[PDB]
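[1] here we go, the starting part of the complex in its complex frame:
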Amino acid sequence: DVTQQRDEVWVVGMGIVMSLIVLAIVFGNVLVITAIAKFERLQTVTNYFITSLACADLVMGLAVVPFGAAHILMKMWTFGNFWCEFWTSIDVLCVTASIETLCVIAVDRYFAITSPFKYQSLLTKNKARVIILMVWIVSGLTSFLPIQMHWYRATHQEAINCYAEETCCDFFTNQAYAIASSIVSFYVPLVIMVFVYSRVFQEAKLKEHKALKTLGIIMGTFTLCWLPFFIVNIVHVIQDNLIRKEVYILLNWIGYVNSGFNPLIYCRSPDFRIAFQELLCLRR
């Protein structure tokens, strides 16, 4: 069937799938933040790092994903060019904050697993709070400084028209921004996470497997969600017209979804498990 109505169905069908994602992203992180904020037994260094990730993921399905839903289903932009400039800046700021924090929990956790005596003495709260400031300082620098200041802008006529058009909100970057930002937001944190969980797997070698299944869920769900999108960013930088917007957006949305997983991966502690149910009016 192909009329002028069969389209207004796949739209409502995609439209509710998006509204699940947006809720799952919010619910999971509003629960994780309140858990750490209300329960004392959850005030660990590693948990300060779960928090920074939980605010990064909450802002995804709060300011980015909802507008993402719109722009797509609207099949256009209804917020103007400065709000386009702004929204694009949140998008990058949150993706960098999500991925940096994922790799900061990674180094931290390996340091405590490998050397718990150095960690206990060295990594303070007033050291950890400072790690987090830096995470958001770069996140900001890679997002608001180059997008907002026009340092990201493309030069080809197609983009020049889009940048001028208030109903246009297609992201067009110059060969260098896309590479530089991809290395900062993703590959550096990927490399770090690769060799950090590498030394966890190696120094370790029944109980050995179900715990090693874990760093497999961790490193996996992360790659399975962000490597597709970022390898495509590099391919599209080299060979122009080799990636379809259909594909590029579909790939970004997979990563947008990772933000909903993080609560399920990082908050599996028995104290989280206890905290969550008490808040969900089950315990006590």
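    Great, that's in hand. Numbers count the residues shown, from 1 in each chain, chains lettered A, B, ... in the order given.

[2] mind listing the helices for the stretch 101-250 of chain A?
    Under the criterion DSSP state H, counting those that start in this stretch, the stretch 101-250 of chain A contains helices at A:116-122, A:125-148, A:157-164, A:175-182, A:188-204, A:207-238, A:245-266.

[3] buried residues, the fourth one. List them.
    So the one you mean is helix A:175-182. A:177, A:178, A:179, A:181, A:182 (16 or more other Cβ atoms under 10 Å). The way it works is simple: take the backbone N, C-alpha and C, and place the C-beta from them, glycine included.

[4] closest to residue A:103 out of the helices of the stretch 101-250 of chain A?
    helix A:188-204 (3.8 Å; Cβ to Cβ).

[5] could I get the buried residue list for the closest one?
    Here helix A:188-204 shows A:189, A:190, A:192, A:193, A:196, A:197, A:200 as buried, counting by 16+ other Cβ under 10 Å.

[6] repeat that for stretch A:260-278.
    Applying 16+ other Cβ under 10 Å to stretch A:260-278 flags A:260, A:261, A:262, A:263, A:265, A:266, A:267, A:269, A:272, A:274, A:275, A:276 as buried.

[7] in a markdown table: those, plus distance to residue A:204.
    A markdown table is the format used below for the buried residues of stretch A:260-278 (distance: Cβ to Cβ, whole Å):
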| residue | distance to residue A:204 |
| --- | --- |
| A:260 | 29 |
| A:261 | 24 |
| A:262 | 24 |
| A:263 | 26 |
| A:265 | 19 |
| A:266 | 20 |
| A:267 | 23 |
| A:269 | 20 |
| A:272 | 24 |
| A:274 | 28 |
| A:275 | 29 |
| A:276 | 29 |
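
[8] hmm, which two among those are most spread apart?
    Taking Cβ to Cβ, no two of the buried residues of stretch A:260-278 sit farther apart than A:260 and A:274, at 22.2 Å.

[9] now the helices of the stretch 101-250 of chain A as TSV including distance to residue A:29?
    Shown next, in TSV, are the helices of the stretch 101-250 of chain A (distance: least, Cβ to Cβ, whole Å):
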stretch	distance to residue A:29
helix A:116-122	26
helix A:125-148	16
helix A:157-164	32
helix A:175-182	24
helix A:188-204	19
helix A:207-238	16
helix A:245-266	6
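
[10] add one more, call it chain B:
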Amino acid sequence: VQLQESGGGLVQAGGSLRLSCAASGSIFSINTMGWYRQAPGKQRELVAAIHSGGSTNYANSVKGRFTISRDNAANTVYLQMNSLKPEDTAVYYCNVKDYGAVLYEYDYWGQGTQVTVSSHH
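    Following on from the chains above, chain B is added here:
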């Protein structure tokens, strides 16, 4: 899985003892087995710990005297307490910290082996 402590009991001051603790069961390859002492109606304080890779953390008071070691075959810890002063009289507990699930540490505790250092003159 349970922690099987032994070596506890009365001993003359300036003496010696060997506290042993067998972690009966499956415990992940990366872990820290340590000793914790409950002073007469006071706070629990770590005596000495040993990581399953090789590194220590003796509580500065027992440093020089008491010496912690471990077997990675059966997973048993030996705090050889020499020159036992009446300040060392406390309930000693066995404890294993368990890394992997790699994000948090599963804490395993023991019932406690009482040590009474007497000054019977």
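
[11] quick recheck of the buried residues of stretch A:260-278 now chain B is there?
    A:260-263, A:265-267, A:269, A:271-272, A:274-276 (16 or more other Cβ atoms under 10 Å in any protein chain shown).

[12] for the residue of the stretch 51-200 of chain A found nearest chain B, what are its contacts?
    At 4.2 Å from chain B, residue A:113 is the closest residue in the stretch 51-200 of chain A, using Cβ to the nearest Cβ. Contact analysis of residue A:113 by Cβ atoms under 8 Å, 6 or more residues apart in numbering or on different chains lists A:200, B:30, B:99, B:100, B:102.

[13] try 6 Å this time
    B:30, B:99 (Cβ atoms under 6 Å, 6 or more residues apart in numbering or on different chains).

[14] contact residues of chain B facing chain A?
    Residues of chain B lying near chain A by Cβ under 6 Å from any Cβ of the partner chain: B:26, B:28, B:29, B:30, B:32, B:55, B:57, B:99, B:100, B:101, B:102, B:104.

[15] on that earlier part again, out of the buried residues of stretch A:260-278, who's nearest chain B?
    Nearest to chain B among the buried residues of stretch A:260-278, with distances taken as Cβ to the nearest Cβ, is residue A:269, at 4.4 Å.

[16] so the closest one sits against residue B:104, correct?
    Yes. Assessed by Cβ atoms under 6 Å, residue A:269 is found in contact with residue B:104 at 4.4 Å.

[17] turn the buried residues of stretch A:260-278 into a markdown table, including distance to chain B.
    Formatted as a markdown table, those follow (distance: Cβ to the nearest Cβ, whole Å):
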| residue | distance to chain B |
| --- | --- |
| A:260 | 18 |
| A:261 | 14 |
| A:262 | 11 |
| A:263 | 12 |
| A:265 | 8 |
| A:266 | 6 |
| A:267 | 9 |
| A:269 | 4 |
| A:271 | 8 |
| A:272 | 8 |
| A:274 | 13 |
| A:275 | 13 |
| A:276 | 14 |
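
[18] so which of these comes closest to residue A:50?
    Once Cβ to Cβ is applied, the member of those that ends up nearest residue A:50 is residue A:266, at 5.0 Å.

[19] how far away is that closest one from residue B:81?
    Separation of residue A:266 from residue B:81 (Cβ to Cβ, to the nearest Å): 40 Å.

[20] after the helix or strand where residue B:4 lies, next one along is what?
    Here residue B:4, judged by DSSP states H and E, is contained in strand B:2-6. Using DSSP H and E, the next helix or strand after strand B:2-6 towards the C-terminus is strand B:11-12.
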